[PDB]
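What follows is one chain in structure tokens, specifically the form deposited in one PDB entry.
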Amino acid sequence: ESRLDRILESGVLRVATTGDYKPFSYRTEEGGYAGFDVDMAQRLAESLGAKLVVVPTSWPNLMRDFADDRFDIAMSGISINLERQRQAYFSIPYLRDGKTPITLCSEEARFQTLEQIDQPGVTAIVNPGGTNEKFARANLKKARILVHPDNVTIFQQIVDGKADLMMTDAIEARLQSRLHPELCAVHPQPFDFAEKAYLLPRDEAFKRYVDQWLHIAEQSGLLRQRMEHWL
């Protein structure tokens, strides 16, 4: 009936992950994968008596890969949103997040609200083809949106004065502000709300299983332990 049965029979759990989003999912020096969600993936696979098989995907290709049935579950710092919910399921959430500006610490007071940010003289930098760009284009009608394809240098462009800010996952803003003390994550009284969860096929029994596993992890304190370790 269900993918749950298929996974139990094959002894393989195919987990898609991007490897481009520390602390959730990133590449080891040896070319392997590591991170909070890789850790969780190992635990889910083990609960199913299954080998963990990591399937590479990317943000632009995530939903195409989903439709093509390239994986059983995607675990990679993925936000729940209604566009994705059109085609897929999500597990129960494991983290509260949301987009938020990262900007020069010296300019923090200037960029608290969309109204302050959405001005002709402002430049918001974004990476191409993902939810960051969608969020910028949906919420900025006046500010310049600068699309920057090289994610290795994107935050550096803010420091270098090519852009005023980027609006990205709060967890990313926070981490980058550590990598670049020059930068600060804006933190109003919240800027946007979202949750992280695991992307699932439209499969009732498999979702019930994944949710039960994640719920036990959450209530037992295991989830918090791993979050304290990684995040």
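Residues carry their position along the shown sequence, with the first being 1. Throughout, rigid core stands for the largest set of C-alpha atoms superposing within 1.5 Å between the two forms.
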Checklist outcome for this item: Mean B factor on CA atoms, stretches 101-109 and 82-90, record says higher is 101-109
Checklist outcome for this item: The stretch carrying the higher mean Cα B factor in the deposited entry, 71-79 or 132-140, is 132-140
Item to check | Options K196, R43, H180, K51 - largest CA temperature factor per the record | outcome: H180
Checklist outcome for this item: Listed options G35, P56, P201, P190: highest C-alpha B factor recorded at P190
Checklist entry - Based on the entry's values, in what third of the chain does the Cα temperature factor of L4 lie: lowest, middle or highest? => result lowest
Next on the checklist: Can you tell me whether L175 has a C-alpha B-factor in the lowest, middle or highest third compared with the other modelled residues of the same chain?
Outcome noted: highest
Next on the checklist: Test of reading the entry: by CA B factor among the chain's modelled residues, which third contains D65?
Outcome noted: middle
Checklist outcome for this item: Among the modelled residues of its chain, the C-alpha B-factor of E29 falls in the third labelled highest
Next on the checklist: Please place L95 in the lowest, middle or highest third of its chain according to the CA B-factor in the PDB entry.
Outcome noted: lowest
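Just so you know, the form deposited in another entry exists too; it's not on screen, but the next bit is about it.
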Checklist entry - After superposition on the rigid core, does the Cα atom of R84 shift by at least 2 Å between this form and the one not shown? => result no
Item to check | Core fit, then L104 C-alpha moves 2 Å or more between this form and the one not shown | outcome: yes
Next on the checklist: If the two forms are fitted on the core, does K162 show a Cα displacement reaching 2 angstroms between this form and the one not shown?
Outcome noted: yes
